[PDB]
$ cat target29.pdb   # PDB, C-alpha atoms and all ligand atoms
ATOM      1  CA  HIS O   4      79.314 -89.669-119.130  1.00  0.00           C
ATOM      2  CA  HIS O   5      81.307 -92.812-119.210  1.00  0.00           C
ATOM      3  CA  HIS O   6      83.931 -94.828-117.523  1.00  0.00           C
ATOM      4  CA  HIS O   7      87.151 -94.884-119.590  1.00  0.00           C
ATOM      5  CA  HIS O   8      90.287 -96.820-118.710  1.00  0.00           C
ATOM      6  CA  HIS O   9      93.043 -94.556-120.056  1.00  0.00           C
ATOM      7  CA  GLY O  10      95.812 -96.831-121.035  1.00  0.00           C
ATOM      8  CA  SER O  11      99.155 -95.804-122.236  1.00  0.00           C
ATOM      9  CA  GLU O  12      96.896 -93.245-124.058  1.00  0.00           C
ATOM     10  CA  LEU O  13      97.295 -90.814-121.188  1.00  0.00           C
ATOM     11  CA  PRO O  14     101.150 -90.633-121.094  1.00  0.00           C
ATOM     12  CA  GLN O  15     100.949 -90.392-124.942  1.00  0.00           C
ATOM     13  CA  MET O  16      98.673 -87.367-124.756  1.00  0.00           C
ATOM     14  CA  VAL O  17     101.110 -85.871-122.304  1.00  0.00           C
ATOM     15  CA  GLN O  18     103.962 -86.309-124.786  1.00  0.00           C
ATOM     16  CA  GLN O  19     102.046 -84.307-127.399  1.00  0.00           C
ATOM     17  CA  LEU O  20     102.202 -81.272-125.128  1.00  0.00           C
ATOM     18  CA  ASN O  21     105.763 -80.987-126.408  1.00  0.00           C
ATOM     19  CA  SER O  22     104.906 -81.755-130.012  1.00  0.00           C
ATOM     20  CA  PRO O  23     105.806 -79.121-132.647  1.00  0.00           C
ATOM     21  CA  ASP O  24     102.356 -79.786-134.270  1.00  0.00           C
ATOM     22  CA  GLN O  25     100.006 -77.350-132.550  1.00  0.00           C
ATOM     23  CA  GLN O  26      96.948 -79.177-133.747  1.00  0.00           C
ATOM     24  CA  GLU O  27      98.077 -82.402-132.046  1.00  0.00           C
ATOM     25  CA  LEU O  28      99.099 -80.303-129.085  1.00  0.00           C
ATOM     26  CA  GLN O  29      95.718 -78.593-128.736  1.00  0.00           C
ATOM     27  CA  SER O  30      93.851 -81.883-129.149  1.00  0.00           C
ATOM     28  CA  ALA O  31      95.835 -83.444-126.316  1.00  0.00           C
ATOM     29  CA  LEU O  32      95.483 -80.428-124.128  1.00  0.00           C
ATOM     30  CA  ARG O  33      91.706 -80.433-124.647  1.00  0.00           C
ATOM     31  CA  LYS O  34      91.410 -84.108-123.748  1.00  0.00           C
ATOM     32  CA  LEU O  35      93.533 -83.575-120.626  1.00  0.00           C
ATOM     33  CA  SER O  36      91.358 -80.724-119.447  1.00  0.00           C
ATOM     34  CA  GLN O  37      88.241 -82.790-119.964  1.00  0.00           C
ATOM     35  CA  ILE O  38      89.814 -85.658-117.957  1.00  0.00           C
ATOM     36  CA  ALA O  39      90.926 -83.251-115.217  1.00  0.00           C
ATOM     37  CA  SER O  40      87.364 -81.951-114.862  1.00  0.00           C
ATOM     38  CA  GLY O  41      86.265 -85.372-113.477  1.00  0.00           C
ATOM     39  CA  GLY O  42      86.804 -86.434-109.902  1.00  0.00           C
ATOM     40  CA  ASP O  43      89.913 -86.845-107.779  1.00  0.00           C
ATOM     41  CA  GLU O  44      90.365 -90.245-109.512  1.00  0.00           C
ATOM     42  CA  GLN O  45      90.521 -88.643-112.966  1.00  0.00           C
ATOM     43  CA  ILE O  46      92.726 -85.887-111.718  1.00  0.00           C
ATOM     44  CA  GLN O  47      95.102 -88.401-110.216  1.00  0.00           C
ATOM     45  CA  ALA O  48      95.412 -90.275-113.527  1.00  0.00           C
ATOM     46  CA  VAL O  49      96.474 -86.984-115.188  1.00  0.00           C
ATOM     47  CA  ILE O  50      99.026 -86.312-112.468  1.00  0.00           C
ATOM     48  CA  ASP O  51     100.371 -89.875-112.600  1.00  0.00           C
ATOM     49  CA  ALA O  52     100.727 -89.643-116.404  1.00  0.00           C
ATOM     50  CA  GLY O  53     103.238 -86.788-115.848  1.00  0.00           C
ATOM     51  CA  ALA O  54     101.086 -83.936-117.131  1.00  0.00           C
ATOM     52  CA  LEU O  55     102.047 -81.282-114.488  1.00  0.00           C
ATOM     53  CA  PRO O  56     105.504 -80.322-115.666  1.00  0.00           C
ATOM     54  CA  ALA O  57     104.319 -80.176-119.340  1.00  0.00           C
ATOM     55  CA  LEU O  58     101.361 -78.000-118.382  1.00  0.00           C
ATOM     56  CA  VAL O  59     103.537 -75.637-116.366  1.00  0.00           C
ATOM     57  CA  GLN O  60     105.893 -75.027-119.382  1.00  0.00           C
ATOM     58  CA  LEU O  61     102.867 -73.961-121.380  1.00  0.00           C
ATOM     59  CA  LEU O  62     102.231 -71.136-118.960  1.00  0.00           C
ATOM     60  CA  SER O  63     105.107 -69.317-120.637  1.00  0.00           C
ATOM     61  CA  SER O  64     103.641 -69.668-124.073  1.00  0.00           C
ATOM     62  CA  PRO O  65     102.764 -66.518-126.163  1.00  0.00           C
ATOM     63  CA  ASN O  66     100.020 -68.584-127.777  1.00  0.00           C
ATOM     64  CA  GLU O  67      96.868 -67.553-125.877  1.00  0.00           C
ATOM     65  CA  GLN O  68      94.860 -70.447-127.327  1.00  0.00           C
ATOM     66  CA  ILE O  69      97.368 -72.900-125.743  1.00  0.00           C
ATOM     67  CA  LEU O  70      97.797 -70.923-122.536  1.00  0.00           C
ATOM     68  CA  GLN O  71      94.038 -70.608-121.732  1.00  0.00           C
ATOM     69  CA  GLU O  72      93.489 -74.297-122.118  1.00  0.00           C
ATOM     70  CA  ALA O  73      96.595 -75.158-119.977  1.00  0.00           C
ATOM     71  CA  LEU O  74      95.389 -72.817-117.211  1.00  0.00           C
ATOM     72  CA  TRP O  75      91.964 -74.404-117.310  1.00  0.00           C
ATOM     73  CA  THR O  76      93.605 -77.800-116.979  1.00  0.00           C
ATOM     74  CA  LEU O  77      95.650 -76.699-113.981  1.00  0.00           C
ATOM     75  CA  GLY O  78      92.681 -74.960-112.315  1.00  0.00           C
ATOM     76  CA  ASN O  79      90.736 -78.168-112.617  1.00  0.00           C
ATOM     77  CA  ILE O  80      93.571 -80.262-111.166  1.00  0.00           C
ATOM     78  CA  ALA O  81      93.674 -77.764-108.298  1.00  0.00           C
ATOM     79  CA  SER O  82      89.983 -78.390-107.676  1.00  0.00           C
ATOM     80  CA  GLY O  83      90.981 -81.779-106.268  1.00  0.00           C
ATOM     81  CA  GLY O  84      92.536 -83.069-103.059  1.00  0.00           C
ATOM     82  CA  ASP O  85      95.062 -81.040-101.060  1.00  0.00           C
ATOM     83  CA  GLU O  86      97.860 -83.417-102.234  1.00  0.00           C
ATOM     84  CA  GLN O  87      96.719 -82.858-105.888  1.00  0.00           C
ATOM     85  CA  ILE O  88      96.929 -79.191-105.250  1.00  0.00           C
ATOM     86  CA  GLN O  89     100.380 -79.711-103.716  1.00  0.00           C
ATOM     87  CA  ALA O  90     101.446 -81.643-106.822  1.00  0.00           C
ATOM     88  CA  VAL O  91     100.691 -78.493-108.879  1.00  0.00           C
ATOM     89  CA  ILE O  92     102.732 -76.444-106.529  1.00  0.00           C
ATOM     90  CA  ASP O  93     105.607 -78.945-106.526  1.00  0.00           C
ATOM     91  CA  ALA O  94     105.695 -78.782-110.305  1.00  0.00           C
ATOM     92  CA  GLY O  95     106.504 -75.034-110.100  1.00  0.00           C
ATOM     93  CA  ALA O  96     103.190 -73.479-111.272  1.00  0.00           C
ATOM     94  CA  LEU O  97     103.112 -70.590-108.827  1.00  0.00           C
ATOM     95  CA  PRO O  98     105.819 -68.301-110.202  1.00  0.00           C
ATOM     96  CA  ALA O  99     104.181 -68.341-113.663  1.00  0.00           C
ATOM     97  CA  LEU O 100     100.751 -67.873-112.153  1.00  0.00           C
ATOM     98  CA  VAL O 101     101.868 -64.821-110.199  1.00  0.00           C
ATOM     99  CA  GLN O 102     103.606 -63.289-113.164  1.00  0.00           C
ATOM    100  CA  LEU O 103     100.365 -63.786-115.166  1.00  0.00           C
ATOM    101  CA  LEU O 104      98.598 -61.490-112.637  1.00  0.00           C
ATOM    102  CA  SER O 105     100.231 -58.684-114.726  1.00  0.00           C
ATOM    103  CA  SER O 106      98.637 -59.746-118.001  1.00  0.00           C
ATOM    104  CA  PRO O 107      96.760 -57.102-120.029  1.00  0.00           C
ATOM    105  CA  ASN O 108      94.687 -60.046-121.294  1.00  0.00           C
ATOM    106  CA  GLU O 109      91.674 -60.207-119.005  1.00  0.00           C
ATOM    107  CA  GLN O 110      90.751 -63.682-120.042  1.00  0.00           C
ATOM    108  CA  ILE O 111      94.212 -64.921-119.078  1.00  0.00           C
ATOM    109  CA  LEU O 112      94.147 -62.796-115.937  1.00  0.00           C
ATOM    110  CA  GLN O 113      90.907 -64.211-114.764  1.00  0.00           C
ATOM    111  CA  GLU O 114      92.031 -67.774-115.404  1.00  0.00           C
ATOM    112  CA  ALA O 115      95.181 -67.252-113.547  1.00  0.00           C
ATOM    113  CA  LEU O 116      93.310 -65.746-110.544  1.00  0.00           C
ATOM    114  CA  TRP O 117      90.848 -68.593-110.633  1.00  0.00           C
ATOM    115  CA  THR O 118      93.603 -71.161-110.662  1.00  0.00           C
ATOM    116  CA  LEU O 119      95.338 -69.378-107.831  1.00  0.00           C
ATOM    117  CA  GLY O 120      92.080 -69.323-105.901  1.00  0.00           C
ATOM    118  CA  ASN O 121      91.652 -73.029-106.292  1.00  0.00           C
ATOM    119  CA  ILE O 122      95.195 -73.687-105.013  1.00  0.00           C
ATOM    120  CA  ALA O 123      94.501 -71.339-102.090  1.00  0.00           C
ATOM    121  CA  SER O 124      91.317 -73.267-101.159  1.00  0.00           C
ATOM    122  CA  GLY O 125      93.651 -76.002 -99.964  1.00  0.00           C
ATOM    123  CA  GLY O 126      95.263 -76.604 -96.612  1.00  0.00           C
ATOM    124  CA  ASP O 127      97.561 -74.220 -94.800  1.00  0.00           C
ATOM    125  CA  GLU O 128     100.603 -75.638 -96.553  1.00  0.00           C
ATOM    126  CA  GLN O 129      99.189 -74.851-100.007  1.00  0.00           C
ATOM    127  CA  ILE O 130      98.032 -71.387 -98.929  1.00  0.00           C
ATOM    128  CA  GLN O 131     101.549 -70.708 -97.496  1.00  0.00           C
ATOM    129  CA  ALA O 132     103.067 -71.515-100.925  1.00  0.00           C
ATOM    130  CA  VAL O 133     100.786 -68.981-102.541  1.00  0.00           C
ATOM    131  CA  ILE O 134     101.850 -66.378-100.014  1.00  0.00           C
ATOM    132  CA  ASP O 135     105.564 -67.245-100.397  1.00  0.00           C
ATOM    133  CA  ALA O 136     105.293 -66.951-104.155  1.00  0.00           C
ATOM    134  CA  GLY O 137     104.414 -63.242-103.770  1.00  0.00           C
ATOM    135  CA  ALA O 138     100.734 -63.337-104.842  1.00  0.00           C
ATOM    136  CA  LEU O 139      99.534 -60.829-102.213  1.00  0.00           C
ATOM    137  CA  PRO O 140     100.747 -57.602-103.629  1.00  0.00           C
ATOM    138  CA  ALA O 141      99.110 -58.136-107.035  1.00  0.00           C
ATOM    139  CA  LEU O 142      95.978 -59.382-105.330  1.00  0.00           C
ATOM    140  CA  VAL O 143      95.678 -56.340-103.109  1.00  0.00           C
ATOM    141  CA  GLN O 144      96.387 -54.052-106.130  1.00  0.00           C
ATOM    142  CA  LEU O 145      93.483 -55.715-108.032  1.00  0.00           C
ATOM    143  CA  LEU O 146      91.076 -54.653-105.311  1.00  0.00           C
ATOM    144  CA  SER O 147      91.352 -51.226-106.889  1.00  0.00           C
ATOM    145  CA  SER O 148      90.411 -52.599-110.284  1.00  0.00           C
ATOM    146  CA  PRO O 149      87.451 -50.957-112.154  1.00  0.00           C
ATOM    147  CA  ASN O 150      86.751 -54.343-113.848  1.00  0.00           C
ATOM    148  CA  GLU O 151      84.118 -55.945-111.597  1.00  0.00           C
ATOM    149  CA  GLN O 152      84.701 -59.387-113.157  1.00  0.00           C
ATOM    150  CA  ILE O 153      88.382 -59.279-112.261  1.00  0.00           C
ATOM    151  CA  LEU O 154      87.564 -57.760-108.852  1.00  0.00           C
ATOM    152  CA  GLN O 155      85.264 -60.653-107.904  1.00  0.00           C
ATOM    153  CA  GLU O 156      87.943 -63.226-108.770  1.00  0.00           C
ATOM    154  CA  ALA O 157      90.633 -61.342-106.789  1.00  0.00           C
ATOM    155  CA  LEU O 158      88.246 -61.053-103.800  1.00  0.00           C
ATOM    156  CA  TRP O 159      87.536 -64.811-103.932  1.00  0.00           C
ATOM    157  CA  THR O 160      91.221 -65.736-104.098  1.00  0.00           C
ATOM    158  CA  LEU O 161      92.033 -63.404-101.194  1.00  0.00           C
ATOM    159  CA  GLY O 162      89.144 -64.856 -99.231  1.00  0.00           C
ATOM    160  CA  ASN O 163      90.587 -68.308 -99.658  1.00  0.00           C
ATOM    161  CA  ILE O 164      94.014 -67.200 -98.479  1.00  0.00           C
ATOM    162  CA  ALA O 165      92.388 -65.596 -95.456  1.00  0.00           C
ATOM    163  CA  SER O 166      90.814 -68.923 -94.662  1.00  0.00           C
ATOM    164  CA  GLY O 167      94.203 -70.093 -93.500  1.00  0.00           C
ATOM    165  CA  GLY O 168      96.009 -69.738 -90.135  1.00  0.00           C
ATOM    166  CA  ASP O 169      96.207 -66.482 -88.229  1.00  0.00           C
ATOM    167  CA  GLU O 170      99.616 -65.579 -89.618  1.00  0.00           C
ATOM    168  CA  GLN O 171      98.312 -66.254 -93.102  1.00  0.00           C
ATOM    169  CA  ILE O 172      95.498 -63.861 -92.426  1.00  0.00           C
ATOM    170  CA  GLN O 173      98.114 -61.500 -90.994  1.00  0.00           C
ATOM    171  CA  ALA O 174     100.030 -61.836 -94.236  1.00  0.00           C
ATOM    172  CA  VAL O 175      96.944 -60.497 -96.045  1.00  0.00           C
ATOM    173  CA  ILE O 176      96.626 -57.715 -93.584  1.00  0.00           C
ATOM    174  CA  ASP O 177     100.339 -56.774 -93.866  1.00  0.00           C
ATOM    175  CA  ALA O 178      99.893 -56.544 -97.670  1.00  0.00           C
ATOM    176  CA  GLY O 179      97.296 -53.749 -97.269  1.00  0.00           C
ATOM    177  CA  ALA O 180      93.991 -55.549 -97.939  1.00  0.00           C
ATOM    178  CA  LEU O 181      92.040 -53.953 -95.125  1.00  0.00           C
ATOM    179  CA  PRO O 182      91.841 -50.409 -96.350  1.00  0.00           C
ATOM    180  CA  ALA O 183      90.778 -51.589 -99.804  1.00  0.00           C
ATOM    181  CA  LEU O 184      88.125 -53.890 -98.364  1.00  0.00           C
ATOM    182  CA  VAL O 185      86.778 -51.159 -96.125  1.00  0.00           C
ATOM    183  CA  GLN O 186      86.520 -48.781 -99.107  1.00  0.00           C
ATOM    184  CA  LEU O 187      84.691 -51.513-100.936  1.00  0.00           C
ATOM    185  CA  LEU O 188      82.076 -51.615 -98.158  1.00  0.00           C
ATOM    186  CA  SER O 189      80.832 -48.234 -99.377  1.00  0.00           C
ATOM    187  CA  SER O 190      80.328 -49.398-102.981  1.00  0.00           C
ATOM    188  CA  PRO O 191      76.872 -48.646-104.360  1.00  0.00           C
ATOM    189  CA  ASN O 192      77.214 -52.029-106.170  1.00  0.00           C
ATOM    190  CA  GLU O 193      75.615 -54.572-103.899  1.00  0.00           C
ATOM    191  CA  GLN O 194      77.261 -57.503-105.778  1.00  0.00           C
ATOM    192  CA  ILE O 195      80.624 -56.010-104.771  1.00  0.00           C
ATOM    193  CA  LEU O 196      79.488 -55.453-101.206  1.00  0.00           C
ATOM    194  CA  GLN O 197      78.571 -59.135-100.916  1.00  0.00           C
ATOM    195  CA  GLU O 198      81.947 -60.242-102.307  1.00  0.00           C
ATOM    196  CA  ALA O 199      83.826 -57.863 -99.999  1.00  0.00           C
ATOM    197  CA  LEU O 200      81.844 -59.067 -96.987  1.00  0.00           C
ATOM    198  CA  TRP O 201      82.736 -62.660 -97.717  1.00  0.00           C
ATOM    199  CA  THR O 202      86.425 -61.851 -97.781  1.00  0.00           C
ATOM    200  CA  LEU O 203      86.363 -59.409 -94.853  1.00  0.00           C
ATOM    201  CA  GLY O 204      84.395 -62.052 -92.869  1.00  0.00           C
ATOM    202  CA  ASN O 205      87.194 -64.552 -93.373  1.00  0.00           C
ATOM    203  CA  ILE O 206      89.812 -62.101 -92.204  1.00  0.00           C
ATOM    204  CA  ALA O 207      87.702 -61.244 -89.172  1.00  0.00           C
ATOM    205  CA  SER O 208      87.713 -64.841 -88.036  1.00  0.00           C
ATOM    206  CA  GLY O 209      91.446 -64.862 -87.304  1.00  0.00           C
ATOM    207  CA  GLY O 210      92.974 -64.368 -83.809  1.00  0.00           C
ATOM    208  CA  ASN O 211      92.881 -61.264 -81.571  1.00  0.00           C
ATOM    209  CA  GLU O 212      95.570 -59.424 -83.501  1.00  0.00           C
ATOM    210  CA  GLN O 213      93.637 -59.831 -86.777  1.00  0.00           C
ATOM    211  CA  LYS O 214      90.320 -58.957 -85.166  1.00  0.00           C
ATOM    212  CA  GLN O 215      91.934 -55.770 -83.770  1.00  0.00           C
ATOM    213  CA  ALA O 216      93.413 -54.699 -87.165  1.00  0.00           C
ATOM    214  CA  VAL O 217      89.947 -55.161 -88.656  1.00  0.00           C
ATOM    215  CA  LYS O 218      88.594 -52.622 -86.061  1.00  0.00           C
ATOM    216  CA  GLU O 219      91.605 -50.218 -86.583  1.00  0.00           C
ATOM    217  CA  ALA O 220      90.724 -50.206 -90.294  1.00  0.00           C
ATOM    218  CA  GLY O 221      87.160 -48.822 -89.708  1.00  0.00           C
ATOM    219  CA  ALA O 222      85.175 -51.953 -90.527  1.00  0.00           C
ATOM    220  CA  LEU O 223      82.835 -51.971 -87.497  1.00  0.00           C
ATOM    221  CA  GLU O 224      81.153 -48.701 -88.547  1.00  0.00           C
ATOM    222  CA  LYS O 225      80.526 -50.141 -91.947  1.00  0.00           C
ATOM    223  CA  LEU O 226      79.487 -53.576 -90.722  1.00  0.00           C
ATOM    224  CA  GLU O 227      76.992 -52.059 -88.246  1.00  0.00           C
ATOM    225  CA  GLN O 228      75.506 -49.848 -90.928  1.00  0.00           C
ATOM    226  CA  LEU O 229      75.101 -52.766 -93.321  1.00  0.00           C
ATOM    227  CA  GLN O 230      73.133 -54.782 -90.682  1.00  0.00           C
ATOM    228  CA  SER O 231      70.081 -52.814 -91.908  1.00  0.00           C
ATOM    229  CA  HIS O 232      70.694 -52.737 -95.676  1.00  0.00           C
ATOM    230  CA  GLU O 233      67.580 -53.006 -97.901  1.00  0.00           C
ATOM    231  CA  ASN O 234      69.021 -56.159 -99.424  1.00  0.00           C
ATOM    232  CA  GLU O 235      68.355 -58.999 -97.064  1.00  0.00           C
ATOM    233  CA  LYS O 236      71.220 -61.024 -98.421  1.00  0.00           C
ATOM    234  CA  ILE O 237      73.571 -58.162 -97.630  1.00  0.00           C
ATOM    235  CA  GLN O 238      72.046 -57.945 -94.118  1.00  0.00           C
ATOM    236  CA  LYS O 239      72.740 -61.613 -93.537  1.00  0.00           C
ATOM    237  CA  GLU O 240      76.297 -61.300 -94.880  1.00  0.00           C
ATOM    238  CA  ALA O 241      77.148 -58.271 -92.728  1.00  0.00           C
ATOM    239  CA  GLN O 242      75.650 -60.043 -89.723  1.00  0.00           C
ATOM    240  CA  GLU O 243      77.746 -63.155 -90.422  1.00  0.00           C
ATOM    241  CA  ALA O 244      80.895 -60.988 -90.787  1.00  0.00           C
ATOM    242  CA  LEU O 245      80.189 -59.086 -87.572  1.00  0.00           C
ATOM    243  CA  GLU O 246      79.497 -62.286 -85.627  1.00  0.00           C
ATOM    244  CA  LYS O 247      82.753 -63.798 -86.936  1.00  0.00           C
ATOM    245  CA  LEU O 248      84.578 -60.604 -85.906  1.00  0.00           C
ATOM    246  CA  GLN O 249      83.257 -60.792 -82.368  1.00  0.00           C
ATOM    247  CA  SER O 250      84.259 -64.364 -81.309  1.00  0.00           C
TER     248      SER O 250
HETATM  249 CA    CA Z   1     103.940 -76.405-135.970  1.00  0.00          CA
HETATM  250 CA    CA Z   2      91.580 -92.931-106.243  1.00  0.00          CA
HETATM  251 CA    CA Z   3      99.879 -64.866-129.439  1.00  0.00          CA
HETATM  252 CA    CA Z   4      93.162 -56.414-122.567  1.00  0.00          CA
HETATM  253 CA    CA Z   5      89.681 -76.882 -99.177  1.00  0.00          CA
HETATM  254 CA    CA Z   6      83.975 -51.593-115.009  1.00  0.00          CA
HETATM  255 CA    CA Z   7     103.604 -59.967 -87.088  1.00  0.00          CA
HETATM  256 CA    CA Z   8      73.126 -50.418-106.433  1.00  0.00          CA
END

$ encode --input "target29.pdb" --output "structure tokens" --more "lines below"
Ligand SMILES: [Ca+2]
Ligand SMILES: [Ca+2]
Ligand SMILES: [Ca+2]
Ligand SMILES: [Ca+2]
Ligand SMILES: [Ca+2]
Ligand SMILES: [Ca+2]
Ligand SMILES: [Ca+2]
Ligand SMILES: [Ca+2]
Amino acid sequence: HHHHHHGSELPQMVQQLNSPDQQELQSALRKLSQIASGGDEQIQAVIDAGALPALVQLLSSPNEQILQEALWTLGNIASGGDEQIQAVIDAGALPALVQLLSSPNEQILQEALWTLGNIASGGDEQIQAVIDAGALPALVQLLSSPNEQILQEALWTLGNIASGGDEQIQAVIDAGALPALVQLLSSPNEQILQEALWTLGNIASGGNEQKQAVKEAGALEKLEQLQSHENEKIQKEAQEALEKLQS
């Protein structure tokens, strides 16, 4: 598409996020999400127009049509630079995001997990905020989910968190992730095995204390077994995870 210089148009769209006309509101929210899907430059224009605090208030809305679009906007902003991610944090998104991990609406749940995952793909500061906001217990609980679509998104977000510093990995371990991940390594669903290996791999690349807890949990047995799985992608992923574990 096309270069557009957003004038005063962008702060004006932001104002309509507090309009009592939901059709104006939705229109603005749609345009913002489309903007936010561009690069870091487009994202920055949305931040600089003051969109973050208006978006965050919409995360309390009982209107799922508004909420889904606001989440999508925030997830996209969080796909930017670490400071763009921090902006989202600084605007108070995380408490609402964590409380949305309890939604019975799977579409909302997934969007919230996705957004969280994006924020957690940031630097150690951004990951720490996710941890401090109490995301881990819900995340570990979702590893027991029978909804494979939700499971994959929870595994990805955990994986991102476990891409942080050793104490951040330890945080994941202290929340109980290892037993759930080890159980997942016996799934007869190879898609799940791959997703679990990615996450477990990340954990296994922490320091000695994290590497040891990985062994205490029973992962080596499973990893060694999976070295010879029929599926050559799984073989490669179990090999990568085992190699990471042993550095
Ligand atoms: Ca109205
Ligand atoms: Ca720029
Ligand atoms: Ca509703
Ligand atoms: Ca439902
Ligand atoms: Ca990153
Ligand atoms: Ca299912
Ligand atoms: Ca400790
Ligand atoms: Ca199978």

$ closest_residue --input "target29.pdb" --among "O:92, O:99, O:200, O:206" --to "residue 241 of chain O" --atoms "all atoms listed in the file"
O:200

$ closest_residue --input "target29.pdb" --among "O:128, O:151, O:219, O:246" --to "residue 182 of chain O" --atoms "all atoms listed in the file"
O:219

$ residues_near_ligand --input "target29.pdb" --ligand "ligand CA 8 (chain Z)" --cutoff "9 Å" --atoms "only C-alpha atoms and all ligand atoms" --output "count of residues only"
5

$ residues_near_ligand --input "target29.pdb" --ligand "ligand CA 1 (chain Z)" --cutoff "10 Å" --atoms "all atoms listed in the file" --output "MDAnalysis selection string"
chainID O and resid 22:28

$ resolve_selection --input "target29.pdb" --expression "the PyMOL selection byres (((chain O and resi 5) around 12) and not hetatm)" --output "JSON, numbers by chain"
{"O": [4, 6, 7, 8, 9, 38, 41, 45]}

$ closest_atom_pairs --input "target29.pdb" --of "chain O" --to "ligand CA 5 (chain Z)" --cutoff "9 Å" --atoms "only C-alpha atoms and all ligand atoms" --output "JSON lines"
{"residue": "O:82", "atom": "CA", "partner": "Z:CA5", "partner_atom": "CA", "distance": 8.6}
{"residue": "O:83", "atom": "CA", "partner": "Z:CA5", "partner_atom": "CA", "distance": 8.7}
{"residue": "O:84", "atom": "CA", "partner": "Z:CA5", "partner_atom": "CA", "distance": 7.8}
{"residue": "O:85", "atom": "CA", "partner": "Z:CA5", "partner_atom": "CA", "distance": 7.1}
{"residue": "O:121", "atom": "CA", "partner": "Z:CA5", "partner_atom": "CA", "distance": 8.3}
{"residue": "O:122", "atom": "CA", "partner": "Z:CA5", "partner_atom": "CA", "distance": 8.6}
{"residue": "O:123", "atom": "CA", "partner": "Z:CA5", "partner_atom": "CA", "distance": 7.9}
{"residue": "O:124", "atom": "CA", "partner": "Z:CA5", "partner_atom": "CA", "distance": 4.4}
{"residue": "O:125", "atom": "CA", "partner": "Z:CA5", "partner_atom": "CA", "distance": 4.1}
{"residue": "O:126", "atom": "CA", "partner": "Z:CA5", "partner_atom": "CA", "distance": 6.1}
{"residue": "O:163", "atom": "CA", "partner": "Z:CA5", "partner_atom": "CA", "distance": 8.6}

$ resolve_selection --input "target29.pdb" --expression "the PyMOL selection byres (((chain O and resi 31) around 10) and not hetatm)" --output "number ranges by chain"
O: 13, 15-20, 22, 25-30, 32-37

$ residues_near_ligand --input "target29.pdb" --ligand "ligand CA 4 (chain Z)" --cutoff "7 Å" --atoms "all atoms listed in the file" --output "PyMOL selection string"
chain O and resi 107-109

$ atom_distance --input "target29.pdb" --atom1 "atom CA of residue 63 of chain O" --atom2 "atom CA of residue 150 of chain O"
24.6 Å

$ closest_atom_pairs --input "target29.pdb" --of "segment 101-173 of chain O" --to "segment 76-80 of chain O" --cutoff "9 Å" --atoms "only C-alpha atoms" --output "tab-separated table"
residue	atom	partner	partner_atom	distance
O:114	CA	O:78	CA	7.8
O:115	CA	O:78	CA	8.2
O:117	CA	O:78	CA	6.8
O:118	CA	O:78	CA	4.2
O:119	CA	O:78	CA	7.6
O:120	CA	O:78	CA	8.6
O:121	CA	O:78	CA	6.4
O:122	CA	O:78	CA	7.8

$ resolve_selection --input "target29.pdb" --expression "the PyMOL selection byres (((chain O and resi 236) around 12) and not hetatm)" --output "list in words"
residues 193, 194, 196, 197, 198, 200, 201, 229, 230, 231, 232, 233, 234, 235, 237, 238, 239, 240, 241, 242 and 243 of chain O

$ residues_near_ligand --input "target29.pdb" --ligand "ligand CA 7 (chain Z)" --cutoff "9 Å" --atoms "all atoms listed in the file" --output "PDB file with C-alpha atoms, in the coordinates of the input"
ATOM      1  CA  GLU O 170      99.616 -65.579 -89.618  1.00  0.00           C
ATOM      2  CA  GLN O 173      98.114 -61.500 -90.994  1.00  0.00           C
ATOM      3  CA  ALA O 174     100.030 -61.836 -94.236  1.00  0.00           C
ATOM      4  CA  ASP O 177     100.339 -56.774 -93.866  1.00  0.00           C
ATOM      5  CA  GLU O 212      95.570 -59.424 -83.501  1.00  0.00           C
TER       6      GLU O 212
END
